[PDB]
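Single chain ahead, written as structure tokens, the form deposited in one PDB entry.
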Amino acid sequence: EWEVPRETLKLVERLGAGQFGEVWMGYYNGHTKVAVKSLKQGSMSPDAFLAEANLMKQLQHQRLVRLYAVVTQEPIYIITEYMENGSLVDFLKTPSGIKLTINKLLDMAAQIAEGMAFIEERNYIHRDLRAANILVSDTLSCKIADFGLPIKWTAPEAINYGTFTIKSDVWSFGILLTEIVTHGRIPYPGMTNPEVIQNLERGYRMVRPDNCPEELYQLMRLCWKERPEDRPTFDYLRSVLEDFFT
């Protein structure tokens, strides 16, 4: 029920390009704006490319970018809804994003946690949670997404032994929180990857960002407990963020 004739689409602007294909902004039947991921032929099997689509059919939730359609005849396409304000990391840097209050910022962080909770509920693992993979709707709501290919957001265990789990994602969420309260600042200000790698094996943790509440900073630290099983659940994180301001 997801297949649609290629004729229903018009690609307007290419958002990005890479090894396995391209991303375009377009329109479906001239009335709906959409983002389109097209596979560059003979770059990876149609099967492997469509696995992304099958995963999106599975994970439908208010806090996750939703799949709209698919075109299964080469050039193979994956069509989704389009978010006017783009990614969270970019938006926060605009005047519109800088003018946002700490209240609004925690509401957005709550929404992200809510979506991750969903992801947790479904035994899924994001592997790349960061503000760049967060889309901002036209109403400033937040949806979880993943565009593709950087150590700053990865938990130590994942970095060292490649152990990516939902706990690996919680840690990334902690990093993401720093992005949200500095309005787009890169984490570990001033440090190169090698430096963040070094500091970590020493138990170093990001210093509290300016204008970051003390309670919010401790929530981040919980997300950064060395032992993965010591990190909170996204459900607990959502709950705490929504009630942050009673």
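Residue numbers run from 1 along the displayed sequence. Each form is matched to the other, and the largest set of C-alpha atoms that superpose within 1.5 Å is called the rigid core.
Pick one of none, 1 to 3, 4 to 9 or 10 or more for the number of deposited-sequence residues not modelled between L149 and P150. In the record, 10 or more residues between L149 and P150 lack coordinates.
Given the B-factors recorded for C-alpha atoms, which segment has the greater mean, 1 to 9 or 237 to 245? Between 237 to 245 and 1 to 9, it is 237 to 245.
Do the C-alpha atoms of 32 to 40 or of 192 to 200 have the higher average B factor in the entry? Stretch with the higher mean C-alpha B-factor: 192 to 200.
Per the PDB entry, which option out of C212, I180, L59, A69 has the greatest Cα B factor? Reading the PDB entry, the winner on C-alpha B-factor is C212.
Lowest, middle or highest third: where is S168 by C-alpha B factor in its chain? It falls in the bottom third of the chain.
Check where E114 lands among this chain's C-alpha B-factors and tell me if it's the lowest, middle or highest third. Lowest third.
Looking at the temperature factor on the CA atom of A48, which third of the chain's modelled residues does it land in? Its C-alpha B-factor belongs to the highest third of this chain's values.
By the recorded C-alpha temperature factor, relative to the other modelled residues in its chain, which third is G162 in? Highest third of the chain for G162's C-alpha B-factor.
Report the third (lowest, middle or highest) to which the CA temperature factor of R63 belongs, ranking only the modelled residues of the same chain. Ranked within chain, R63 CA B lands in the lowest tercile.
The discussion below concerns the form deposited in another entry, not included here.
Candidates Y217, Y68, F49, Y188 - which moves between the shown form and the other one, C-alpha at least 2 Å, core fixed: Comparing both forms, the shifted residue turns out to be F49.
Answer yes if the CA of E229 moves 2 Å or more between the shown form and the other one after aligning the rigid core, and no otherwise. No, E229 moves less than 2 Å.
For a quick test of reading the superposition: does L9 move by 2 Å or more at the CA between the shown form and the other one, rigid core aligned? No, the C-alpha position differs by under 2 Å between the shown form and the other one.
C-alpha of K40 off by 2 Å or more between the shown form and the other one on rigid core: Yes, because once the rigid core is superposed, the C-alpha of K40 moves 2 Å or more between the shown form and the other one.
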